[PDB]
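Working notes, structure below.
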Amino acid sequence: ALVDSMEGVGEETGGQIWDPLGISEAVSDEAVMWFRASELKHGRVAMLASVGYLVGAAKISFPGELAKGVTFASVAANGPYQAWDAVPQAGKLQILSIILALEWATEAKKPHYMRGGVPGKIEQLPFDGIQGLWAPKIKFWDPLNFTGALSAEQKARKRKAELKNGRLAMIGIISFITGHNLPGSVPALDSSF
Amino acid sequence: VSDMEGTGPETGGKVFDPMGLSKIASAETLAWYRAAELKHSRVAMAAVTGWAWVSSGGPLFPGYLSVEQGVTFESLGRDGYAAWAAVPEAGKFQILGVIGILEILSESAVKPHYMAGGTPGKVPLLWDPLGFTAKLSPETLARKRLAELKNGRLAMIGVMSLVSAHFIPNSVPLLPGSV
Amino acid sequence: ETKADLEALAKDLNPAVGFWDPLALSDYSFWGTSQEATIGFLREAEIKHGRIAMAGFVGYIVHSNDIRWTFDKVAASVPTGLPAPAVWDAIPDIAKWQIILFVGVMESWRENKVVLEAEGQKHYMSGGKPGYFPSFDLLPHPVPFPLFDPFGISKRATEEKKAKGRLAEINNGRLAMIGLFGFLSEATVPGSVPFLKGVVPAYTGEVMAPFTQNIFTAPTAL
Amino acid sequence: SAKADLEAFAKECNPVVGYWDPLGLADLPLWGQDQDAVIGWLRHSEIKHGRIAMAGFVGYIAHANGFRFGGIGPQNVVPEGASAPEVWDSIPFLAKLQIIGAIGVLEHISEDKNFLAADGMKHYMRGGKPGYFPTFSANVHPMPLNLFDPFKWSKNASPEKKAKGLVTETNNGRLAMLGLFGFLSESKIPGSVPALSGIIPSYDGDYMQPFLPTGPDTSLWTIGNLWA
Amino acid sequence: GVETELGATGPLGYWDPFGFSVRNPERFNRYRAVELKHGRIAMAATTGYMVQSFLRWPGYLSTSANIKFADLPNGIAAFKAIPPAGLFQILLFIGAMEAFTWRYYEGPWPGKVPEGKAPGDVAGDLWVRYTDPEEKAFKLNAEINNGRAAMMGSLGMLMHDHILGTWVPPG
Amino acid sequence: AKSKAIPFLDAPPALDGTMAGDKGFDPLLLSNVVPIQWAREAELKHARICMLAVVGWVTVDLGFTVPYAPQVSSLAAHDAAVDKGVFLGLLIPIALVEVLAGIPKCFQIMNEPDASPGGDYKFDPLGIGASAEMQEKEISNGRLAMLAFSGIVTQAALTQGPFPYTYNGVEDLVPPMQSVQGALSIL
Ligand SMILES: CCCCCC(=O)OC\C(C=C=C1C(C)(C)C[C@H](OC(C)=O)C[C@@]1(C)O)=C/C=C/C(C)=C/C=C/C=C(C)/C=C/C=C(\C)C(=O)C[C@@]12O[C@]1(C)C[C@@H](O)CC2(C)C
Ligand SMILES: CC(=O)O[C@H]1CC(C)(C)C(=C=C/C(C)=C/C=C/C(C)=C/C=C/C=C(C)/C=C/C=C(\C)C(=O)C[C@@]23O[C@]2(C)C[C@@H](O)CC3(C)C)[C@](C)(O)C1
Ligand SMILES: CC(=O)O[C@H]1CC(C)(C)C(=C=C/C(C)=C/C=C/C(C)=C/C=C/C=C(C)/C=C/C=C(\C)C(=O)C[C@@]23O[C@]2(C)C[C@@H](O)CC3(C)C)[C@](C)(O)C1
Ligand code: KC2
Ligand SMILES: CC1=C(C#C/C(C)=C/C=C/C(C)=C/C=C/C=C(C)/C=C/C=C(C)/C=C/[C@@]23O[C@]2(C)C[C@@H](O)CC3(C)C)C(C)(C)C[C@H](O)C1
Ligand SMILES: CC1=C(C#C/C(C)=C/C=C/C(C)=C/C=C/C=C(C)/C=C/C=C(C)/C=C/[C@@]23O[C@]2(C)C[C@@H](O)CC3(C)C)C(C)(C)C[C@H](O)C1
């Protein structure tokens, strides 16, 4: 099975595959690559979202003005929760448009993670090789190219760190949202959440 | 990073890197670091020279900056962040657009981009239009590049000393309390 | 450990009482696991409860006599003269939730296969040492001391002394689980412990209720 | 072994007591570093604390009794008769900053690989002498005098004498630590150092906040005071 | 193996996105038993919703509680409004059929399908048995397919009636 | 044998795999009753008309207008043009092109065995090329334009709104511009 070879097993669960429900044993390898790709996607989105929520709750905002009429602090003066509404429609439209472009490109690369590809290694130069489209060769992952200074063993260690931090952030972001929704749910979250 | 320029006698004879970002940096990451260092150097040197010249009783340019709106060079006060504030927004956009065109050029024209081989901080269009440094020895050019980096590091500390003076009065000694 | 090992342990703890399991927990297979692992879990439970109860006995004496830390604001916030059970209820719930989560992190550290097998021991249910606590050698970040003997004492103790100490640990734990509960029962039920009448301050709340506001229904946040 | 050397050093410090590590700090793996590095750090901390406490004791006698340089400088804003805790509080804020910063530069030079390597030595946590301040032989601009033995009074001293001097340094540093905090403790928990009762005045103010009170913001420079 | 069994028909044919029986073909019989079970419960549930829409029984649900059949709404509110004794009797009957009458599994804890039986052949001797092989296969395929459509539909009705209070969504 | 587009049906024999845009999609086997070249001519004519219609509708609705033309949305543009008078003029080139290129080409397709394929008028003044990939792009763009025009007309008539042709505008295409505060509530 492909499960025994993947990363993600850590010292916390005794260095064993944490699958109480046994779905990893049940489903085929193809679904397992889907699950690892989705795991890393959720984990990276959550590692972005958790620090975003921290910054919003601290009310740390860039100096300037998002639109020509609203300030970054004006949007953030109602906590992270009531922020996406206060963002202008055009700004979030552009954000979601570039996210759509990235998603479509990463899915459109030929060596798909399911059908013979590394799960979670979305291609580092999306929008390249597209007929009738030119974009700068800004490497999506690590455009400064910090990876070049790391050997494969260090990359494996940092991928383990990636998975563990992603899992913790997926817990933390929902913790923040739940702390806002239900006031007493998560302790150690102040009224800003 | 040991091969790259910048290690004068002023920090031993070795690289200055407490945090060790150069250790993380690969060759192309070090190229990015040097390119960013150089661009900050050059922009800072221009900024600090302009601030000093304007706010040290230098001769403001003659005539009207904008004849249509009536804004004049003399009307723009010789004070940091007031002259820029009173400059027309169209003029601000002119400066920013020319800078943006030039920077997209310096990114798209250089062929072996500083990232993929190449030399960080080389912009053939703007440097030496009169060719002032076209017959210097390679050593001399290396020495002058070292001088460039050293002057610019000081310049980028100085421009922030000016900025933090306006935004936080009496931050810098030997500088007016206002700006 | 085998039931023969439990009989030997009981006969070394108290030769006269000997093995005195009258409910056969030592024989009931817990979760279907072998007797050698049910014995491990039960013995770890005995040691752990005795540990917590000995600490609780000393802590109850300390709280009833209001020997509090001098340089903290939570202790000052808690009113003086309260019963020791109430000195727990009068605390911010966020501090209770961090005491409990500290024990959670420590008991996650203890049962970890990797840390135990790195230090040499195994789980108490896997034939390991019941009542062992691995040090923080494999911790993500460095830390100054371990839990058991943060200082050095008993780094050079004989196995005979360790065996004597484990026997005394089990016996004192069995006694302290009864002493601390004598305090609680006399507090919440006057005239229940006949010898502490007029000694233990009375109490109305539930000692098995850690947080004032019910976490399952309506918690409080900070 | 580093612990063997430390144990012998303890016997030299006091042979009746000997090695007394009640917490096992030598054995503890600080930062994950091995026992040699940990003992190097602990020894360096001991001599650093002792040195600074000895200087602090002599400075307490100097400041409290009244011992000031003449002329323009920080001493002209400290009120006369001020307590030793009040002298630091009364010197200018920039004076406090520059004292702490100069000490920082000295510490940085002390742990710099540059100076220690120019002197043919290594960091105290990586097989070096714990408590060795290097010569300023890599300070870009030459400096006239070094910190330790500036006039080079000990240019020819026996290694046995130097070892005995380090044994003395540790002992006197420990004793000076105790005395200096005796002074500090008598001012905030009276009747704690019995001999000092009535001698050390009470001080209302945090010792461990360096910059509280921030002190005056005066400008004591006279000629060329364009920054005022 | 599994690619040619009752259920490997329709537009998709064999359909294992997450490779369950591909990884564990031994568990296909258990999965078929579970699919038949859920499908049948859902057929009953969908017909119950559709028929409770227009027809309701007469007489009192519980004369002591004064709860009438027509007074109940059509949805989860009806099961809420059944008295506790009625719910207990309902659970008792369902458990009797589950454990004794129509045993889907043979024994132990992780129940296997009965040995001398099909995956979901739970009826006794008095049950319709088809002897034509083609008709038997066709109608078993119809059973499982209608069951699948029924569970999709029943999940739809349950979610609609949870959101709104009526299984019919507006439109 | 089994069709690619429909993996539970046999593909027809007329489709084969030479024709551009061939995806084995013909569940009703209409290629047997209707000739494939005639059907392709009709497909390409419809595709081209729908492409032009989509781009013209979008431009006119966004605001681009000819001088002297009525400043109206694309929905009322037909009625406005008919009322103002100049709209048979556009029929005149349509009538010319159809009568003198479609009727003869249609008769050649049906009767003449040696004839150009459906939709091939040899109209390449720039010489961009009639490569296989180019024809595939033409067919795909055309079909997408047919469906897009159908949606555009049916939605502009329904809502009588701006270019998005949805009740709440771009918010319908993009749900997370609506609130997201109920999504965060359930989370
Ligand atoms: C005596 C005990 C008998 C128990 C068994 C029984 O009676 O079997 C009876 C039986 C067969 C049989 C046999 C007989 C020959 C007749 C009797 C013999 O019996 C004996 C004992 O010999 C043998 C047997 C059992 O073989 C057949 C039962 C068939 C049944 C009960 C089939 C339901 C499908 C529902 C579907 C697909 C729902 C889709 C639902 C969907 C897609 C939706 O929900 C859609 C929708 O709603 C949504 C979501 C919202 C609405 O706005 C809109 C609509 C409406 C569109
Ligand atoms: C009513 C009537 O009729 O009767 C009774 C009822 C009742 C309620 C039962 C009564 C009571 C009171 C009782 C019986 C109370 C019992 C309390 C109990 C039994 C409390 C133990 C604490 C132990 C601790 C904290 C040990 C720490 C030990 C530690 C942390 C060690 O260092 C262990 C050590 O091994 C190392 C690691 C290193 C070695 O070098 C040796 C040492 C030792 C240092 C009354 C009032 O009397 C009357
Ligand atoms: C910051 C501020 O405001 O500061 C203020 C306050 C402050 C600091 C207190 C001030 C002060 C006071 C200061 C600094 C006073 C300094 C006084 C000073 C410097 C006094 C030296 C006397 C030396 C003698 C008599 C040597 C005789 C030496 C003799 C006999 C020889 O020459 C002998 C010999 O060499 C020959 C000729 C050559 C050879 O053949 C033989 C030898 C070698 C044997 C100021 C000035 O107010 C400034
Ligand atoms: C608050 C809690 C607490 C209390 C009140 C308490 C009381 C007593 C008494 C009572 C008079 C004795 C006499 C005693 C003796 C020993 N205790 Mg003990 N102990 C507590 C906590 C822990 C922890 C966390 C550990 C531990 C251990 C040992 C060992 C080592 C044996 C060995 O190394 O073989 C010996 C000899 C360590 C271990 O491994 O125990 C198997 C270990 O990890 N204890 N302990
Ligand atoms: C001796 C010794 C040691 C020591 C020591 C100690 C205590 C050293 C202390 C040193 C100290 C405290 C040194 C201050 C310098 C101040 C300067 C340079 C200020 C210049 C100021 C200038 C240049 C200002 C100029 C201007 O305003 C002017 C005048 C007018 C204008 O025209 C121009 C401007 C505006 C710019 C070691 C090495 C530690 C150990 C060793 O063992 C023994
Ligand atoms: C809309 C809305 C909201 C919402 C919402 C959400 C999340 C809605 C989600 C709806 C969803 C998820 C609806 C799925 C339907 C699936 C169907 C009908 C599938 C049937 C499929 C069937 C019957 C399959 C049958 C077959 O298997 C059979 C039997 C045999 C095989 O041979 C053939 C096939 C495979 C075909 C808010 C957020 C709450 C508020 C907002 O304001 C408005």
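FYI, nothing fancy with the structure tokens labels: chains A, B, ... in order, residues from 1 per chain, ligands from 1 as they appear.
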Taking only C-alpha atoms and all ligand atoms into account, which residues have an atom no farther than 7 Å from ligand 5? I'd like them as a short mmCIF file (atom, residue, chain, number, x, y, z; two decimals) with C-alpha atoms, in the first residue's frame.
```cif
data_model
loop_
_atom_site.label_atom_id
_atom_site.label_comp_id
_atom_site.auth_asym_id
_atom_site.auth_seq_id
_atom_site.Cartn_x
_atom_site.Cartn_y
_atom_site.Cartn_z
CA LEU B 174 21.51 66.47 15.46
CA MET D 143 42.28 50.48 20.23
CA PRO D 144 45.15 51.57 22.55
CA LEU D 145 44.45 49.38 25.60
CA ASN D 146 42.82 45.99 26.10
CA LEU D 147 40.18 45.35 28.76
CA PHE D 148 41.98 42.71 30.82
CA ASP D 149 45.35 43.86 32.19
CA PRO D 150 45.45 47.06 30.09
CA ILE D 223 30.61 73.34 22.42
CA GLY D 224 29.00 72.08 19.23
CA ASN D 225 25.66 71.30 20.87
CA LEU D 226 23.76 71.57 17.59
#
```
Could the residues that lie within 7 Å of ligand 2, counting only C-alpha atoms and all ligand atoms, be listed as a list in words?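 What falls inside 7 Å of ligand 2 is residues 54, 55, 57, 58, 149, 153, 154, 165, 172, 173, 175, 176, 178, 179, 180, 181, 182, 183, 193, 194, 195 and 196 of chain C.
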Taking the backbone alone, and naming residues the way the document does, which bits of stretch 106-178 of chain B are helix (DSSP H, G or I) by DSSP, as a ChimeraX atom specification? /B:106-108,138-167
Kindly provide the residues of chain A that approach chain C to within 12 Å, each paired with its closest atom pair and their distance in Å to one decimal, based on only C-alpha atoms, listed by chain and increasing number, as JSON lines.
```
{"residue": "A:9", "atom": "CA", "partner": "C:114", "partner_atom": "CA", "distance": 11.6}
{"residue": "A:10", "atom": "CA", "partner": "C:114", "partner_atom": "CA", "distance": 9.1}
{"residue": "A:11", "atom": "CA", "partner": "C:114", "partner_atom": "CA", "distance": 5.7}
{"residue": "A:12", "atom": "CA", "partner": "C:112", "partner_atom": "CA", "distance": 6.5}
{"residue": "A:13", "atom": "CA", "partner": "C:112", "partner_atom": "CA", "distance": 7.0}
{"residue": "A:14", "atom": "CA", "partner": "C:113", "partner_atom": "CA", "distance": 4.6}
{"residue": "A:15", "atom": "CA", "partner": "C:114", "partner_atom": "CA", "distance": 6.7}
{"residue": "A:16", "atom": "CA", "partner": "C:113", "partner_atom": "CA", "distance": 9.5}
{"residue": "A:161", "atom": "CA", "partner": "C:140", "partner_atom": "CA", "distance": 10.9}
{"residue": "A:179", "atom": "CA", "partner": "C:221", "partner_atom": "CA", "distance": 8.8}
{"residue": "A:180", "atom": "CA", "partner": "C:221", "partner_atom": "CA", "distance": 10.7}
{"residue": "A:182", "atom": "CA", "partner": "C:218", "partner_atom": "CA", "distance": 9.2}
{"residue": "A:183", "atom": "CA", "partner": "C:221", "partner_atom": "CA", "distance": 6.9}
{"residue": "A:184", "atom": "CA", "partner": "C:219", "partner_atom": "CA", "distance": 4.6}
{"residue": "A:185", "atom": "CA", "partner": "C:219", "partner_atom": "CA", "distance": 6.7}
{"residue": "A:186", "atom": "CA", "partner": "C:221", "partner_atom": "CA", "distance": 7.4}
{"residue": "A:187", "atom": "CA", "partner": "C:221", "partner_atom": "CA", "distance": 5.2}
{"residue": "A:188", "atom": "CA", "partner": "C:222", "partner_atom": "CA", "distance": 5.5}
{"residue": "A:189", "atom": "CA", "partner": "C:222", "partner_atom": "CA", "distance": 6.0}
{"residue": "A:190", "atom": "CA", "partner": "C:222", "partner_atom": "CA", "distance": 4.9}
{"residue": "A:191", "atom": "CA", "partner": "C:222", "partner_atom": "CA", "distance": 7.4}
{"residue": "A:192", "atom": "CA", "partner": "C:222", "partner_atom": "CA", "distance": 10.2}
{"residue": "A:193", "atom": "CA", "partner": "C:222", "partner_atom": "CA", "distance": 10.7}
```
Can I get the residues close to ligand 6 as a PDB file with N, CA and C atoms, in the first residue's frame, where close means within 10 Å and we count only C-alpha atoms and all ligand atoms?
```pdb
ATOM      1  N   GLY E   7     -25.115  -4.846  -9.292  1.00  0.00           N
ATOM      2  CA  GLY E   7     -24.789  -3.475  -8.948  1.00  0.00           C
ATOM      3  C   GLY E   7     -23.813  -2.847  -9.920  1.00  0.00           C
ATOM      4  N   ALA E   8     -23.092  -3.675 -10.676  1.00  0.00           N
ATOM      5  CA  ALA E   8     -22.157  -3.192 -11.693  1.00  0.00           C
ATOM      6  C   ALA E   8     -22.887  -2.963 -13.018  1.00  0.00           C
ATOM      7  N   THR E   9     -23.900  -2.101 -12.956  1.00  0.00           N
ATOM      8  CA  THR E   9     -24.724  -1.771 -14.110  1.00  0.00           C
ATOM      9  C   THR E   9     -25.020  -0.280 -14.080  1.00  0.00           C
ATOM     10  N   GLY E  10     -25.721   0.184 -15.111  1.00  0.00           N
ATOM     11  CA  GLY E  10     -26.094   1.574 -15.208  1.00  0.00           C
ATOM     12  C   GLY E  10     -25.050   2.381 -15.957  1.00  0.00           C
ATOM     13  N   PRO E  11     -25.152   3.715 -15.914  1.00  0.00           N
ATOM     14  CA  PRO E  11     -24.185   4.533 -16.667  1.00  0.00           C
ATOM     15  C   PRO E  11     -22.753   4.379 -16.190  1.00  0.00           C
ATOM     16  N   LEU E  12     -22.559   4.159 -14.890  1.00  0.00           N
ATOM     17  CA  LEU E  12     -21.213   4.150 -14.330  1.00  0.00           C
ATOM     18  C   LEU E  12     -20.584   2.764 -14.415  1.00  0.00           C
ATOM     19  N   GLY E  13     -21.401   1.722 -14.520  1.00  0.00           N
ATOM     20  CA  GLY E  13     -20.897   0.372 -14.389  1.00  0.00           C
ATOM     21  C   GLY E  13     -20.367   0.141 -12.988  1.00  0.00           C
ATOM     22  N   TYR E  14     -19.164  -0.423 -12.921  1.00  0.00           N
ATOM     23  CA  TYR E  14     -18.460  -0.477 -11.649  1.00  0.00           C
ATOM     24  C   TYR E  14     -17.989   0.920 -11.275  1.00  0.00           C
ATOM     25  N   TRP E  15     -18.273   1.325 -10.038  1.00  0.00           N
ATOM     26  CA  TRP E  15     -18.027   2.690  -9.574  1.00  0.00           C
ATOM     27  C   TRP E  15     -17.395   2.633  -8.187  1.00  0.00           C
ATOM     28  N   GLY E  39     -30.434   1.152   1.552  1.00  0.00           N
ATOM     29  CA  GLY E  39     -31.363   1.375   0.464  1.00  0.00           C
ATOM     30  C   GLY E  39     -32.787   1.052   0.853  1.00  0.00           C
ATOM     31  N   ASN E 141     -30.793  -6.122  -9.188  1.00  0.00           N
ATOM     32  CA  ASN E 141     -30.210  -4.859  -9.622  1.00  0.00           C
ATOM     33  C   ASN E 141     -31.199  -3.716  -9.432  1.00  0.00           C
ATOM     34  N   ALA E 142     -32.475  -3.961  -9.732  1.00  0.00           N
ATOM     35  CA  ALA E 142     -33.499  -2.950  -9.501  1.00  0.00           C
ATOM     36  C   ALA E 142     -33.622  -2.629  -8.020  1.00  0.00           C
ATOM     37  N   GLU E 143     -33.549  -3.653  -7.169  1.00  0.00           N
ATOM     38  CA  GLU E 143     -33.609  -3.446  -5.727  1.00  0.00           C
ATOM     39  C   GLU E 143     -32.503  -2.516  -5.263  1.00  0.00           C
ATOM     40  N   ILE E 144     -31.257  -2.846  -5.600  1.00  0.00           N
ATOM     41  CA  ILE E 144     -30.135  -2.052  -5.100  1.00  0.00           C
ATOM     42  C   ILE E 144     -30.141  -0.655  -5.714  1.00  0.00           C
ATOM     43  N   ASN E 145     -30.508  -0.531  -6.993  1.00  0.00           N
ATOM     44  CA  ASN E 145     -30.519   0.793  -7.612  1.00  0.00           C
ATOM     45  C   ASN E 145     -31.617   1.676  -7.029  1.00  0.00           C
ATOM     46  N   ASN E 146     -32.823   1.127  -6.852  1.00  0.00           N
ATOM     47  CA  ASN E 146     -33.889   1.889  -6.217  1.00  0.00           C
ATOM     48  C   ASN E 146     -33.520   2.234  -4.787  1.00  0.00           C
ATOM     49  N   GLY E 147     -32.819   1.333  -4.102  1.00  0.00           N
ATOM     50  CA  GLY E 147     -32.343   1.649  -2.769  1.00  0.00           C
ATOM     51  C   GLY E 147     -31.396   2.830  -2.763  1.00  0.00           C
ATOM     52  N   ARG E 148     -30.446   2.845  -3.703  1.00  0.00           N
ATOM     53  CA  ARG E 148     -29.486   3.945  -3.792  1.00  0.00           C
ATOM     54  C   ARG E 148     -30.186   5.273  -4.056  1.00  0.00           C
ATOM     55  N   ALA E 149     -31.067   5.292  -5.060  1.00  0.00           N
ATOM     56  CA  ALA E 149     -31.826   6.504  -5.347  1.00  0.00           C
ATOM     57  C   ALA E 149     -32.668   6.908  -4.147  1.00  0.00           C
ATOM     58  N   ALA E 150     -33.192   5.922  -3.420  1.00  0.00           N
ATOM     59  CA  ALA E 150     -34.003   6.210  -2.251  1.00  0.00           C
ATOM     60  C   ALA E 150     -33.179   6.852  -1.149  1.00  0.00           C
ATOM     61  N   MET E 151     -31.941   6.396  -0.931  1.00  0.00           N
ATOM     62  CA  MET E 151     -31.146   7.007   0.138  1.00  0.00           C
ATOM     63  C   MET E 151     -30.700   8.410  -0.238  1.00  0.00           C
ATOM     64  N   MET E 152     -30.360   8.639  -1.507  1.00  0.00           N
ATOM     65  CA  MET E 152     -30.096  10.013  -1.931  1.00  0.00           C
ATOM     66  C   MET E 152     -31.322  10.896  -1.702  1.00  0.00           C
ATOM     67  N   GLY E 153     -32.492  10.419  -2.127  1.00  0.00           N
ATOM     68  CA  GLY E 153     -33.707  11.188  -1.934  1.00  0.00           C
ATOM     69  C   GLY E 153     -34.037  11.418  -0.473  1.00  0.00           C
ATOM     70  N   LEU E 155     -32.029  11.438   2.153  1.00  0.00           N
ATOM     71  CA  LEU E 155     -31.142  12.462   2.688  1.00  0.00           C
ATOM     72  C   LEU E 155     -31.609  13.846   2.261  1.00  0.00           C
ATOM     73  N   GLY E 156     -32.061  13.976   1.011  1.00  0.00           N
ATOM     74  CA  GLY E 156     -32.598  15.254   0.568  1.00  0.00           C
ATOM     75  C   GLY E 156     -33.798  15.702   1.384  1.00  0.00           C
ATOM     76  N   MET E 159     -32.725  16.699   4.991  1.00  0.00           N
ATOM     77  CA  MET E 159     -32.091  18.010   5.060  1.00  0.00           C
ATOM     78  C   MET E 159     -33.096  19.130   4.807  1.00  0.00           C
ATOM     79  N   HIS E 160     -34.003  18.946   3.843  1.00  0.00           N
ATOM     80  CA  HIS E 160     -35.006  19.973   3.570  1.00  0.00           C
ATOM     81  C   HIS E 160     -35.908  20.190   4.777  1.00  0.00           C
ATOM     82  N   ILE E 163     -34.023  22.036   7.515  1.00  0.00           N
ATOM     83  CA  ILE E 163     -33.814  23.458   7.257  1.00  0.00           C
ATOM     84  C   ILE E 163     -35.120  24.229   7.409  1.00  0.00           C
TER      85      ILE E 163
ATOM     86  N   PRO F 175     -20.172  33.364  -4.545  1.00  0.00           N
ATOM     87  CA  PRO F 175     -20.899  33.361  -3.260  1.00  0.00           C
ATOM     88  C   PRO F 175     -20.150  34.047  -2.127  1.00  0.00           C
ATOM     89  N   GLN F 178     -20.959  37.463  -0.799  1.00  0.00           N
ATOM     90  CA  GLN F 178     -22.266  37.803  -0.251  1.00  0.00           C
ATOM     91  C   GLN F 178     -22.210  38.185   1.223  1.00  0.00           C
ATOM     92  N   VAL F 180     -20.471  35.484   3.955  1.00  0.00           N
ATOM     93  CA  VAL F 180     -19.506  34.575   4.585  1.00  0.00           C
ATOM     94  C   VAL F 180     -19.689  34.492   6.104  1.00  0.00           C
ATOM     95  N   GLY F 182     -22.369  33.602   7.746  1.00  0.00           N
ATOM     96  CA  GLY F 182     -23.095  32.393   8.078  1.00  0.00           C
ATOM     97  C   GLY F 182     -22.222  31.166   7.913  1.00  0.00           C
ATOM     98  N   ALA F 183     -21.335  31.198   6.915  1.00  0.00           N
ATOM     99  CA  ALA F 183     -20.341  30.138   6.784  1.00  0.00           C
ATOM    100  C   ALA F 183     -19.436  30.098   8.008  1.00  0.00           C
TER     101      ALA F 183
END
```
Using only C-alpha atoms and all ligand atoms, determine which residues fall within 12 Å of ligand 3, then list them as a ChimeraX atom specification. /D:68-76,220-223
Export of the given selection (N, CA and C atoms) as a CSV table (one decimal), in the first residue's frame:
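To be explicit, this is the file written out as part04.csv:
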```csv
chain,number,residue,atom,x,y,z
D,68,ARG,N,32.9,61.4,43.0
D,68,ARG,CA,32.5,61.9,41.7
D,68,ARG,C,33.7,62.6,41.0
D,69,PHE,N,33.7,62.3,39.6
D,69,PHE,CA,34.7,63.1,38.8
D,69,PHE,C,34.2,64.5,38.7
D,70,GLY,N,35.1,65.5,38.5
D,70,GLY,CA,34.8,66.9,38.4
D,70,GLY,C,34.5,67.3,37.0
D,71,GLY,N,33.8,68.4,36.8
D,71,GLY,CA,33.6,68.9,35.5
D,71,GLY,C,32.3,68.5,34.8
D,72,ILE,N,32.2,68.9,33.5
D,72,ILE,CA,31.0,68.6,32.8
D,72,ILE,C,30.8,67.1,32.6
D,73,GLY,N,29.7,66.6,32.9
D,73,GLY,CA,29.4,65.2,32.7
D,73,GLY,C,28.1,64.7,33.4
D,74,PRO,N,27.8,63.4,33.4
D,74,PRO,CA,26.6,62.9,34.0
D,74,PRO,C,26.5,63.2,35.5
D,75,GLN,N,27.6,63.4,36.2
D,75,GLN,CA,27.6,63.6,37.6
D,75,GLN,C,26.9,64.9,38.1
D,76,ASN,N,26.7,65.8,37.2
D,76,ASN,CA,26.3,67.2,37.5
D,76,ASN,C,24.7,67.3,37.6
D,220,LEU,N,24.2,68.0,28.2
D,220,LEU,CA,25.4,68.4,28.9
D,220,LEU,C,26.5,68.8,28.0
D,221,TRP,N,26.5,68.5,26.8
D,221,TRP,CA,27.5,68.9,25.8
D,221,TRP,C,27.3,70.4,25.6
D,222,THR,N,28.4,71.2,25.5
D,222,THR,CA,28.4,72.6,25.5
D,222,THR,C,28.9,73.2,24.1
D,223,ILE,N,30.1,72.8,23.7
D,223,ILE,CA,30.6,73.3,22.4
D,223,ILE,C,30.2,72.4,21.3
```
Can you tell me, as a list in words, what residues are no more than 10 Å from stretch 91-106 of chain F when counting only C-alpha atoms, ignoring any on the same chain fewer than 5 positions away?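 The residues that qualify are residues 37, 38, 41, 42, 45, 86, 111, 112, 115, 116, 117, 118, 119, 120 and 121 of chain F.
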Would you kindly return, as a PyMOL selection string, each protein, DNA or RNA residue with an atom no farther than 12 Å from any atom of stretch 146-154 of chain F, considering only C-alpha atoms and excluding same-chain residues fewer than 2 positions away? chain F and resi 43-58+61+74-76+139-144+156-166
May I have the residues within 6 Å of ligand 4, computed using only C-alpha atoms and all ligand atoms, as number ranges by chain? C: 51-52, 54-55, 131-133, 148, 162, 165-166, 168-169, 172
Exercise: residue D:176 partners within 8 Å, only C-alpha atoms, chain neighbours under 5 positions left out, as a PyMOL selection string: chain D and resi 50+53-54+57
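For chain C, the residues no farther than 8 Å from chain D when using only C-alpha atoms are residues 142, 143, 144, 145, 150, 151 and 152 of chain C.
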Any idea what's packed within 12 Å of residue E:17, counting only C-alpha atoms, ignoring anything in its chain fewer than 4 positions away? Could you give it as a PyMOL selection string? (chain A and resi 27-32+34+114) or (chain E and resi 12-13+21-23)
If we count only C-alpha atoms and set the cut-off at 9 Å, which residues sit around residue F:63, ignoring sequence neighbours fewer than 4 positions away in its own chain? Please answer as a list in words.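 Counting only C-alpha atoms, the residues come to residues 58, 59, 71, 72 and 73 of chain F.
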Give me, as a ChimeraX atom specification, the residues of chain E that a backbone DSSP run labels strand (DSSP E or B). /E:60-62,67-68
